[PDB]
Every structure is written in C-alpha cells, then in structure tokens.
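One chain comes next, on its own, written as structure tokens: the form solved without ligand 1GP.
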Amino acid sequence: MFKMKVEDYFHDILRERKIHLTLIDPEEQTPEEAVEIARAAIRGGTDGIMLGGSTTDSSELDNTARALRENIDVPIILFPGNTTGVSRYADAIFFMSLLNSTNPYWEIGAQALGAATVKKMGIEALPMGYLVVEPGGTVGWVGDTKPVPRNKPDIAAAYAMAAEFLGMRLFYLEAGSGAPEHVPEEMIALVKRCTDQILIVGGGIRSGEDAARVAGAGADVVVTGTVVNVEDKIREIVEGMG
C-alpha cells in the first residue's frame, strides 16, 4: 500500500539520487514467495516493485499484488505484458506503447482494449514509451519488434523525442530480461540529452558495475530482476548506483 502518487515519489527521489525498481513475475513463484523476494529487495534498497508477466489467470496476479499490498510500503507498479495484467491492489501502472513493434496490436491495440479497465479502477497511470533494444530478449520477439541496433544511438533518441512530443513522460530502454549486455551507455546518454523524460533502463543489469555505468550514462531508473542473496544482488546494484 502506497498512498502518495508514484510519479511525484519518483521526482522526490530524483532530486538526490537514482531510482531502483525490482521486477517480479507473478507466475514464477507463489504470492508468499513473492512477498519474500520483495522484502529481500527492499532490504537491498529497492525503491519499488514492478509486477508483470505473461498470465491470464486473473486471480493469480491479484493474489500476488494483494499479498504485496499487505506487506510492503514501497509502490507496486503494474508492468503488464498482457491486457489482463491490471490489478486493483497495485498503486500505479506503467501505461506504455511498444514503440518499435511492427504490430499495431502492441502499439495501440492492446492499450485500447485495456483502457476502460484502467479508467474504472482509478489506478494512477504513467505514460510510457517502451523501446526494445538489441538483442531484445523475450519481449522483443513476442512483441514483434525491430530491436534498435546497439550501434544506432540516433534511432533510439529519435523515438524518444517523438514519444515525448506525444506526451509519454517516461521512456523505457529495454534490452530484454537476461540480455548478455545491457543497453549501451552511448544510447542512454544520447536519449537523456535529447528529452526531459524520466529515463528508465532495464535488461542484463547484473553487477554493481553494470548499474554504475547505466546510472552514470544518464538513467533515472534502473530495473532488475531477482535472478542471483537476492538482498545482496540488489544492495550491490544500489551501491553501484550511488
């Protein structure tokens, strides 16, 4: 349960330091195990929990979101990969467009289908451009993307400027979960130079030095999974960001 608005929470943090978010996949473990992962990451210094996977079991995301809501005090932010990934127990939702998908369903179609449910639940919705970078991982394939090549910083900055002009105040550079190498520092730095978006970067950020370089390159938010204890992994990532 997080009363305050997540977006102002983000701005409060950013006047002193960078934000870390921990991504939890609801299928990958029980709600109770999710609570334990989340507590470990909070003891590691994480600033919030992103919740999202690939599930249509509505009760199952809800059981995780509700369990987290009753046991942690940092925001629960929905990060949906399907349209059913909206839960009333969460504090906010990254309402994103998959910008470099060639499939209209991932650009706007899923969003139109889910919009009414987001409105009726009254959950704070943060507008986000979502850009998959090479290699792109599972989301780059399932979302029918053309991953931005690592050597094309200019493509990423043009989509960010475009996305910002359309009103997406958050921008997410995604190398894909498990990516061997994280989003290049060259591309993070050019994007941050070109827009005033809250700049989010995820994928392949494993070590404290990975996080120092992503943070040093201009990322406002760093996103990581919990593959490794979990507390040590997160705290070392948080220390690298500092």
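Numbering starts at 1 and runs along the sequence shown.
From this point on, the text means the form solved in complex with ligand 1GP, which you will not see here.
Among the residues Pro31, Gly44, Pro184, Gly204, the one placing a heavy atom within 4.5 Å of ligand 1GP in the deposited bound form is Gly204.
In the deposited bound form, ligand 1GP sits within 4.5 Å of a heavy atom belonging to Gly178.
Using a 4.5 angstroms threshold between heavy atoms, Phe79 counts as touching ligand 1GP in the deposited bound form. Interface membership of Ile19, defined by any non-hydrogen atom within 4.5 Å of ligand 1GP in the deposited bound form, is ruled out. With ligand 1GP omitted here, the record of contacts in the deposited bound form names 167 to 175 of 117 to 125, 167 to 175, 142 to 150, 70 to 78, defined by a heavy atom within 4.5 Å.
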